[PDB]
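Reconstructed Cβ throughout: ideal geometry from the backbone, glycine too, with neighbour counts over all protein chains shown. Numbers and lists here come from the model and the stated rules, or from a named source; no laboratory instrument gave them.
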Amino acid sequence: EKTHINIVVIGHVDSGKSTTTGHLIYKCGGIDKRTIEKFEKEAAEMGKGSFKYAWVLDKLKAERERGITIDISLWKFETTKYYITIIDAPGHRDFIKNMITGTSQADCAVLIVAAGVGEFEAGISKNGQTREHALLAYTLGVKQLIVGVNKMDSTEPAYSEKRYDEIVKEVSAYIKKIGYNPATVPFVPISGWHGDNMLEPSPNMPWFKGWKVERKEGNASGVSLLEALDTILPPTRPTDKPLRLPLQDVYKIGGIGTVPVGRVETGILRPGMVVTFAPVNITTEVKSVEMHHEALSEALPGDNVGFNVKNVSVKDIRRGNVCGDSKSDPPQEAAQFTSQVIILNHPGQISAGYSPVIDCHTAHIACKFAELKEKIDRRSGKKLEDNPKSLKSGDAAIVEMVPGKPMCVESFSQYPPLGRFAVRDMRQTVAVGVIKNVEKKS
Amino acid sequence: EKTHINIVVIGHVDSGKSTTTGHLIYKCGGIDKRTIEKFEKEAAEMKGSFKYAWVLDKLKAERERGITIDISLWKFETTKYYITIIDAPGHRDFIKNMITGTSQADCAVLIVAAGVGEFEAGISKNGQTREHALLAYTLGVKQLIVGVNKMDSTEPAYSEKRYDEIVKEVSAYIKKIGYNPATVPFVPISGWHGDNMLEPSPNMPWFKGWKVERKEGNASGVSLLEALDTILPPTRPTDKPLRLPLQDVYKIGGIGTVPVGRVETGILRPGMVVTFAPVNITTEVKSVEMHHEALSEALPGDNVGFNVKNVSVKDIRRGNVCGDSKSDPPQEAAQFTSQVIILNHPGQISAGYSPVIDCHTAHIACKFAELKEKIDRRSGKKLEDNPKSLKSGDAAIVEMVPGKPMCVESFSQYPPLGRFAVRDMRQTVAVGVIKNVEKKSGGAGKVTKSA
Ligand SMILES: Nc1nc2c(ncn2[C@@H]2O[C@H](COP(=O)(O)OP(=O)(O)O)[C@@H](O)[C@H]2O)c(=O)[nH]1
Ligand SMILES: Nc1nc2c(ncn2[C@@H]2O[C@H](COP(=O)(O)OP(=O)(O)O)[C@@H](O)[C@H]2O)c(=O)[nH]1
Ligand SMILES: [Mg+2]
Ligand SMILES: [Mg+2]
């Protein structure tokens, strides 16, 4: 019973994602050497060129398409502390969508960054994907980030400390601005190609004594990339987060009173708690909690429960309101929210003002796309334009949104089940999205 | 601690699938009156009126393009169960949902209208009643309830004669499909008026109730709701003959040959005499390991390395299906018939087309020998026999022949080994499930000493 970990590999195109990932798979014995060859030969037939290592990540991306997993046993490998699985990487039709719909869900993002001359500079430029990729992971609340500083073999000189330092520094400042805390991220210099420093230290890099993480949960340190992999913190576990319980229904049960029903998404609900309902802003005390027609002292995450509340009318709270704890990040009305969406098969064209209904947790409310803030390439996460005038089917984007009626939502990283939504026009699912920030009301 | 149960509702266009599901939902109190009202008001924009209907309409709509946000609206409670309405025909992703099994059903409620001519349309070779039933059987669903709907509108109103005719006629058809009609409850309802859904109807004094006789114990009832409570849960995969798709096969020093894989069905234990398809090669299992520890049994859903004496690494491979040689041994496959939906492929699939089939851990080029059928993706409606070509958005029935040797099963018998994707370079072009597999004639042995 080692715990399961999900890894997403990101980084700018040609920075070395498939190479590194494939090498790692090879070196960890997840596939037998015979079977590694079948797929090497097979890849060569299929494409012009050599696919040693890379075929692994390429097969993976391709097996995350249209919406069937048939097998993922090749992508599972064992470290000392975890069973790790590679989930997905940028560079295919569905990447953004898999990320956004949670069909591909990750506990950590390995961000590959290329150290070769001009390579790092391209990834981090206006045409590069390094920032976007980091930004995307953060948005999806992947709070564990490892940075693999790759192709060290081909710096100027080979394996330059100075170059490693320069990348660690510049990349640290960006991931800071973005919201990660740099000190928690292992910056590991490596060569995906030769293998340097993936499983043990490399004779080529004697100047490198190792990396140090400092987190809330305590310090850790190592040399290789395997060791970084094993300092990954697990989630954060819903039970330990403040209460969030979106309202499915509200009944008036005779000689008992108002009884809201819902799934505890995060936190504990218990009889006694004085809870708050957003966005109606009403605080009151839970007389009791029922599940399977039986009193509960605790309602845990995943529990569907009735709870009787004193002094509230059935007309005061409704489906889609959100209940939480009044003395622990009580829920609030969303004045507006910023999100990342991928537009699926629409009719035509969307502009500031478009107001479809947003289905989020148990709410169903029309929201205005106030500002269209970025268009984003769905294959790659690459940003393709600031304030685009209009979006259309196939685009990913970043949009600002203003709820038409009062609504309560949460950012996807704080409260996932309250941070993912679908966008709807009649029976049309036009978009799916996740919520970056939310401006709370007063 | 009632187990969870997914229902899908099928039936000819206009049999009353909408009205019945709506009514059931309204009357089981899973949604409160104001919410109902909100979605009733809301539906009244997107024409006279349209009662109970918005319930399915909505559900169908929210089963498009691979996000489900919330499904609390369609869960409801029964004495014995929590039941969710999972999907229904009449929308883009219906057949896909079903084939991919994102929508998987524990039981199918088949609605069947009973007005003059309605039934006969539905049950003709131009009618979806048979096709939906057949579709269900293909997918291993398993349990079937038939709601003989619209009883209020028979001639005369609520005819027992009419109800028996439909029962007799539909039971014959589903016997032909493979279903044991003795096991299927046939409930006369009126989804519109409510008659016989939650409780017996004063309008059907003649109806003394329905009976079913299964392997796993007889039962009887009167209402739809009771019928829902007969549904038996999952066959429980551990009861089945061992199937263990090979992920990898390692040489290990001082032990020999450790195939690794995951038990999909049945049990593996040390000292079993096990066949490997397609290669047809028997042997004994000396060791069974998981998490670096030997195992007494390896259960379904277990990822296990296991040591076999008698066999060199290069005899077996990834793609091979290991099973029990004294309990339905896994044969090789000659050809197999399958149902498939084609997703964004560029060209035009013609007879003899030859892409790779991923299926369990197998990876093998198969030939689209024959193109038996072309099917509507919204509705399951068989649209054409032996079509010249298949394009995007088409479902189909196709005969299939492997290039290399291959072991596959029918979805209904061994699910994890009966659903496949069709891959063409780094593109996924189709997904499907296997109806019939035409096994291999092929003599036992090697039985390599172990006997
Ligand atoms: N010199 C050198 N080349 C590398 C290294 N890693 C990858 N490459 C090459 O850089 C190119 C891009 O690698 P690939 O893994 O395909 O990049 P991806 O698109 O980010 O997956 C390929 O030619 C790789 O062989 C490395 O560490 N050193
Ligand atoms: N008289 C009668 N009419 C019904 C009944 N169930 C449905 N209908 C009507 O028959 C038509 C079929 O409705 P619908 O539920 O949409 O069928 P679906 O297309 O299979 O979902 C509609 O006009 C309904 O009003 C019933 O039990 N009795
Ligand atoms: Mg590349
Ligand atoms: Mg209709």
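Points to keep in mind about this one:
- Test: A:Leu300 is in contact with a helix residue (DSSP H, G or I) (Cβ under 7 Å, 6 or more places away or on another chain), over 27 Å from A:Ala137 (Cα atoms) and of a type outside the set (D, E, K, R): yes
- Filtered residue count, region B:337-361, keeping only those that are out of contact with any strand residue (DSSP E or B) (no Cβ under 7 Å at 6 or more places or on another chain) and either within 23 Å of A:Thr69 (Cβ to Cβ) or within 14 Å of chain A (Cβ to nearest Cβ) (or both): 2
- Identity of the residue in region A:1-17, surrounded by fewer than 24 Cβ atoms within 10 Å (Cβ to Cβ) and of a type outside the set (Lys, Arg), that ends up farthest from ligand 3 (Cβ to nearest atom): A:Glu1
- Residue count for region A:276-292, restricted to those that are under 10 Å from A:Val312 (Cβ atoms) and β-branched (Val, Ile, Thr): 4
- The single residue among B:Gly319, B:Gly380, B:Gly352 that is surrounded by fewer than 19 Cβ atoms within 10 Å (Cβ to Cβ) and assigned to a loop (DSSP other than H, G, I, E, B) turns out to be B:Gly352.
- Every residue from region A:266-318 that is under 26 Å from A:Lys405 (Cα atoms) and among the small types (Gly, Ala, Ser): A:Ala278, A:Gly306, A:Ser313
- In region B:7-23 there is at least one residue that is of a type in the set (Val, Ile, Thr), touching a helix residue (DSSP H, G or I) at 6+ places or on another chain (Cβ under 7 Å) and part of a loop (DSSP other than H, G, I, E, B).
- Set B:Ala136, B:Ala121, B:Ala105: member being in the same structural domain as B:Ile7 (by CATH) and part of a loop (DSSP other than H, G, I, E, B): B:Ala105
- Residue match in region A:396-407 (condition: buried (at least 21 other Cβ atoms within 10 Å of the Cβ), under 20 Å from the mean Cα position of the chain (by Cα) and either within 14 Å of another protein chain (Cβ to nearest Cβ) or not in a strand (DSSP E or B) (or both)): no
- Filter result for B:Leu73 (more than 30 Å from A:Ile96 (Cβ to Cβ) and surrounded by 21 or more Cβ atoms within 10 Å (Cβ to Cβ)): no
- Out of A:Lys41, A:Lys97, sole residue that is out of contact with any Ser or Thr (no Cβ under 9 Å at 6 or more places or on another chain) and in a helix (DSSP H, G or I): A:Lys41
- Looking at B:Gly256, B:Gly261, B:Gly271, just one residue is within 14 Å of another protein chain (Cβ to nearest Cβ) and surrounded by fewer than 20 Cβ atoms within 10 Å (Cβ to Cβ), and that residue is B:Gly256.
- Screening A:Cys360 with (1) buried (at least 16 other Cβ atoms within 10 Å of the Cβ); (2) out of contact with any helix residue (DSSP H, G or I) (no Cβ under 9 Å at 6 or more places or on another chain); (3) not assigned by CATH to the domain that holds A:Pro242 gives one miss only, at (2).
- Scanning region B:68-85 for residues that are under 20 Å from the mean Cα position of the chain (by Cα), of a type in the set (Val, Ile, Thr) and within 16 Å of ligand 2 (Cβ to nearest atom) turns up at least one hit.
Listed here are the residues, each with its yes/no results for (1) within 14 Å of the chain's Cα centre (by Cα); (2) within 14 Å of chain A (Cβ to nearest Cβ); (3) more than 16 Å from ligand 3 (Cβ to nearest atom); (4) of a type in the set (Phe, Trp, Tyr).
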position	(1), (2), (3), (4)
B:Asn97	yes, yes, yes, no
B:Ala113	no, no, yes, no
B:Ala121	no, no, yes, no
B:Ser124	no, no, yes, no
B:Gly127	no, no, yes, no
B:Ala136	yes, no, yes, no
B:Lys142	yes, no, yes, no
B:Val146	no, no, yes, no
B:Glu155	no, no, yes, no
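- So A:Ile84, is it assigned to a helix (DSSP H, G or I), aliphatic (A, V, I, L, M) and crowded, with 21+ Cβ neighbours inside 10 Å: no
- Tally, over region B:1-59, of residues that are within 16 Å of ligand 4 (Cβ to nearest atom), within 11 Å of chain A (Cβ to nearest Cβ) and not aliphatic (A, V, I, L, M): 3
- Residue among B:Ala43, B:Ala61 that is farther than 30 Å from A:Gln105 by Cβ, surrounded by fewer than 19 Cβ atoms within 10 Å (Cβ to Cβ) and assigned by CATH to the domain that holds B:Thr129: B:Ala43
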